[PDB]
Number of protein chains: 2
Amino acid sequence: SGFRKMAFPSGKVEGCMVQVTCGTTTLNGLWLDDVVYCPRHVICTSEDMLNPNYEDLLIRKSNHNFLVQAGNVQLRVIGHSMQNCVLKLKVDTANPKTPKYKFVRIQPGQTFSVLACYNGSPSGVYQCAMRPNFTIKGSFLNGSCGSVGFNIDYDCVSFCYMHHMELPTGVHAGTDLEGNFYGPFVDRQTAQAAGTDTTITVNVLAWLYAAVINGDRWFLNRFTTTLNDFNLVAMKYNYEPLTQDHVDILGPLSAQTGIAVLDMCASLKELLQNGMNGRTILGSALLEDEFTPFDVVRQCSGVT
Amino acid sequence: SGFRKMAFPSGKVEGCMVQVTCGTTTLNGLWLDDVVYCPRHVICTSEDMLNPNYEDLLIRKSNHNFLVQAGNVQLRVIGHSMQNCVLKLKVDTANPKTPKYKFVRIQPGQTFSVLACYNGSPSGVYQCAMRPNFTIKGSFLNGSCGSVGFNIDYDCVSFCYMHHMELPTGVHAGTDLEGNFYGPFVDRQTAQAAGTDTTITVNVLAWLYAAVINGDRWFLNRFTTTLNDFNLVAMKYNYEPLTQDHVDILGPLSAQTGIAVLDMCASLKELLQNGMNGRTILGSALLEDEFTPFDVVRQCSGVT
Ligand SMILES: O=C(Cc1cncnc1)Nc1cc(F)cc(O[C@H]2CC(=O)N2)c1
Ligand SMILES: O=C(Cc1cncnc1)Nc1cc(F)cc(O[C@H]2CC(=O)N2)c1
């Protein structure tokens, strides 16, 4: 029993973190096979960042200008390329600690673990969700650029996120491992707004199922609702509309608890309209939306 | 910016996890040098657990009865001993992945990372606090026994906790790496109550400093208080009394924010007496006590 915001064990990803320096700028790189991936703004100076012409900036850089350090060993750069907003530095040595890996572009509402790094060294690991507005509510400081987000499927690491920037909002923006930003963000030092963020409804329901599995049943009621009626309430409270696909994904949790999805929706409706009245669910005074139905099943079944 | 319940990178500890089987029971072991540490209740059957005589039970076990598996390789047991509530199985091979380590017995209120494991394999990592009542509010299932709690100081892992049991309360109890339980708990299948748990006052204040550092300043007020007056309020709300030692430990955060500790105490007093009025602090609708002042400094400064 118990329910925590759990991250994947980070060992496979720690063995991939390197330091990349270009001029005066130092950030984190991801070394997989003979390629080091990092945010392309490593080639910029503070004045370049206001309106950078990355193609012209990269043209003034040669293989010897990129310094790559793995722990205390210097890697030799033999190739360099820009793919969207990431640089691919070809090194002469394949990473002996390269785990089985994939590059995946996650969907908003999906979750992942972040290994926050500084100077090629890991400092901590935490669980995140890609928000519907394509930002992440992480914990990142100056020097954290190049830190990656991932998931693990038994032995295979699926890299999904590379950290690039913080919006003045305090929220974080970044790319997939092909350098494509999630959202409308650009790697330029200019005011950028993350659109309106919504609450991931399917995740809150999954967490209400995790609460029931853990003994927290006070919010359960004698009511039911319909997809259309619950959706009228979801739009009022900035909640993503619930679809039959979401209902299907909640199937294993509905079967495990014996509570039909539409009955769980009616508990959520009353929680939205009436608040929590000073009570808590899984040690929380608000409705949690950063646990997917897969996360709930995995945590409640002990998948290693 | 941003503030998350951050765990230490778990790679150094994943390289130490093994599976220990004794009869029908399988649990997790910690392999460091030529010794595998695990909870002593691995030698028990469900009937033995009601009132176990560990000394007599262990007498019926020989080195060959303990099966130790590291990934897919079988370790050879050449010695066995019981130290309080843990078994020390001497193996013929030293763990090549043994990091620099210490065994420390943490104080209540201090924090640590848990690498939850099943069958010698890690499933996730999360941050915990040792509660004033010596329990931890973890996420553990059957098979998770032997999972460890630790801290990392640059390259040195300080093992502080080994998971042994769950109380019917849903909270978790365990030992230090010498097998001494934190709290009054015994490794017997009998009703055990964790005493009254208090809120770690110094940690809530540290988190209020992390909130100020992150832009959340709504709770700051035009009031001040004294240690004695604030303590009258702390006892009313099941909060640990604040001492001058706690005030001193908050010194770096007080210097960084420019807000004197007694002024932060007055904000906490008004938050206790008036609640949050539907507002949040660092994305939370309740007062968080599982971040020490060291955790706040480390997260807000990027210590790797
Ligand atoms: O934020 C960091 C660096 C950093 C600091 N703190 C946390 N995480 C990252 N760099 C950065 C990189 C970049 F290509 C664009 C950019 O634009 C600003 C304007 C806007 O909004 N974002 C900022
Ligand atoms: O709880 C688990 C096994 C476990 C299950 N779920 C989460 N974490 C651990 N074993 C266990 C071991 C033990 F030596 C004593 C004992 O007494 C019960 C009575 C009381 O309270 N605790 C239980």
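All residue numbers given for chain B refer to Swiss-Prot; the residues shown span 3264-3567 in order.
Per the header of the entry, the method used was X-ray crystallography, 1.9 Å.
From the backbone N, Cα and C atoms, a Cβ is placed for every residue, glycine too.
Here is what Swiss-Prot says about this protein:
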{"type": "CROSSLNK", "residues": "B:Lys3268", "note": "ubiquitin cross-link"}
{"type": "ACT_SITE", "residues": "B:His3304", "note": "active site, for 3CL-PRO activity"}
{"type": "CROSSLNK", "residues": "B:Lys3353", "note": "ubiquitin cross-link"}
{"type": "ACT_SITE", "residues": "B:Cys3408", "note": "active site, nucleophile"}
(message) I'd like the Cβ neighbour count for B:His3304 (active site, for 3CL-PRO activity), meaning other Cβ atoms within 10 Å of its Cβ, all protein chains included.
(response) 24
(request) Cα within 10 Å of the residue listed as 'active site, for 3CL-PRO activity' is the criterion; apply it to the recorded positions B:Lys3268, B:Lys3353, B:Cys3408 and give the hits in sequence order. (result) B:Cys3408
(request) For B:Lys3353 (ubiquitin cross-link), list the number of other Cβ atoms lying within 10 Å of its Cβ atom. (result) 16
(request) Would you mind ranking the recorded positions B:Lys3268, B:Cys3408 by how many other Cβ atoms sit within 10 Å of each Cβ and giving me the lowest? (result) B:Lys3268
(request) Tell me whether B:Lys3353 (ubiquitin cross-link) sits in a helix, a strand or coil according to DSSP. (result) strand
(request) May I ask you to pick out the recorded positions among B:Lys3268, B:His3304, B:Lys3353, B:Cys3408 with a CB closer than 8 angstroms to chain A's CB atoms, ordered by sequence, or 'none' if no residue qualifies? (result) B:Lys3268
(message) Quick test of your reading of the structure: among the recorded positions B:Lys3268, B:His3304, B:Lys3353, whose CB sits under 6 A from ligand 2?
(response) B:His3304
(message) Roughly how many Å lie between the Cα atoms of B:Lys3268 (ubiquitin cross-link) and B:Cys3408 (active site, nucleophile), rounded to a whole value?
(response) 23
(request) Please report how many Å separate the Cα atom of B:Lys3353 (ubiquitin cross-link) from that of B:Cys3408 (active site, nucleophile), as a whole number. (result) 19
